[PDB]
Structures are given as C-alpha cells and as structure tokens.
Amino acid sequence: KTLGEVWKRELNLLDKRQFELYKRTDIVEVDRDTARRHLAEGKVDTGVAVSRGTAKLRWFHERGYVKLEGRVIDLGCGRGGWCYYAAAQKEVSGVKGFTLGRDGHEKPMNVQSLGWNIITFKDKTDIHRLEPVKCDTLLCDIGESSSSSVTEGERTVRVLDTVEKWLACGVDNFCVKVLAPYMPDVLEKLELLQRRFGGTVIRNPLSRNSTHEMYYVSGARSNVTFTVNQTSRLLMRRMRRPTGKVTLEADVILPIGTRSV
C-alpha cells in the first residue's frame, strides 16, 4: 500500500512503447560506446570501465556518500566495475571481490586499470554462504528485479539479512544496493540498520526508472521513509509523461598500471 508498491503495479501496466520511453525518461546515462569497443577488441590498458557500475559507484564516492578506504570487500562483483573503481583510489589498500560467475552469471573481467594488482577476484561464490571477513569498506551490488513486488521484497530482505552479518564485524564504510526500498518490511529493516550502523538510502541518478533501487550508504543520515517516498513520487511523475529523454555523460576513465613499491 506504499507509494512504491503502487508504482510497481502501474509500471507493469505500461505498454511496450511507454515502458521503453519510461525506463530512460529524464535519467543520466554514461556513454559506453568507446569503452565497449575497447573491451571487445581486447584492450586492457586504456582505463575504460568494465561495466556501467563504475560510474554508479563514482557518483556515490565523489559526493561523500561512501568513503573507499583500506580493506574493501565487494559482494556480487560481477564483471568488477566497483572493484576496479575502488582499486584505483589511493586510500584503498586492497580489494576482494566475490561473485557467482556461473550458469549465465557475469564473470570478473580482466583489465589493467590502476591497482588491478591489489584486487583478488573469486568466482563460483554464493555470498549468502560466504563466511564474513573483517574489512573497512563493504560494498554489495546485488538485487535481481522481478515483476512481483513481493518477490523483490523477499530478495531485498535476504540481501540486507546477509549484509548485516558483515556489517556486524565492524566496518567504517558501506554501499549496499537495496532493490526494493519501497516494501514495508524493507523500510523497517533499513530503519533498524540505520539505528545500529548509521547511514541512509540514496537514489543514484544513473539508475533507470524501471527499478526503484536505492543504496544504503554510510556517508549520510536522513529520514528513510521520507526519502524513499520522495523517489517514489519522482518515479510516478515520470510515468505520467514518458519522453525517453536522456542526458548523456562521459563514462569513467581510470589511470592505468600496477600500484607498486
């Protein structure tokens, strides 16, 4: 009965053209053309991002929503967009990325942007069964969309349930994807986590309108229900008039090489 649940219901009722236009209406998007061409030809020394994820994490990082420091752990790293971004930051000492990378799941990509040598990728790993390890910065970008709000809720609570085990070890910084922050049980879990570990949820402007995803980050503190609903109101407004109008931005280009000595 939350605004977000209403949004999900109306989203599923849109026709093909409206859905297509809607998902990109008034959003920011990084131009991935050059990056994709470089990766497709096997270039590993141009500093291009391995996925759209690098730009998403940069957005949070550049405005203080999450500090990237010391021992970084990336749960559900996929191709490694967040791992490579973190590895290039001077404040980061090491990065451990874990991902399924099997049965259709994206496997870590091998490129040599700055600090690639301080990253340890581990595939064939279900992070829900992975024993928590002590770290300073915890990252998690897991959450598979579902046309069912109940299902998105279940998936989101499972992610937060697992992440809480890791935060309990004591972490300074975190950035965790919250697939369906609009579900009531999720809102309550977020309020509980905020009281225990601080932080709040933030909507990334690079996220498409077809998902209500927001990220639980350590760098700010705000009223969770209020801000989740602000995003619900924005998503609903954009559904009334979908123009498909997108604003293109330059993708992330990282320096290259190993971090040595």
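A residue's number is simply how far along the shown sequence it sits, counting from 1.
Comparing 7 to 15 with 240 to 248, the higher mean C-alpha B-factor in the PDB entry belongs to 240 to 248.
Higher mean CA temperature factor between 124 to 132 and 163 to 171: 124 to 132, per the PDB entry. Which of 69, 62, 213, 26 has the largest Cα B-factor in the deposited entry comes down to 26. Across 137, 89, 117, 110, the entry's maximum B-factor at the CA atom is seen for 110. When the CA B factors of the chain's modelled residues are split into thirds, the value for residue 103 lands in the highest one. Residue 191 sits in the lowest third of its chain by CA B factor, as recorded in the PDB entry.
Placement of the Cα temperature factor of residue 53 within the chain: middle third of the modelled residues, per the deposited record. Compared with the other modelled residues of the chain, the Cα B-factor recorded for residue 208 ranks in the middle third. Sort the modelled residues of the chain by CA B factor and residue 218 lands in the lowest third.
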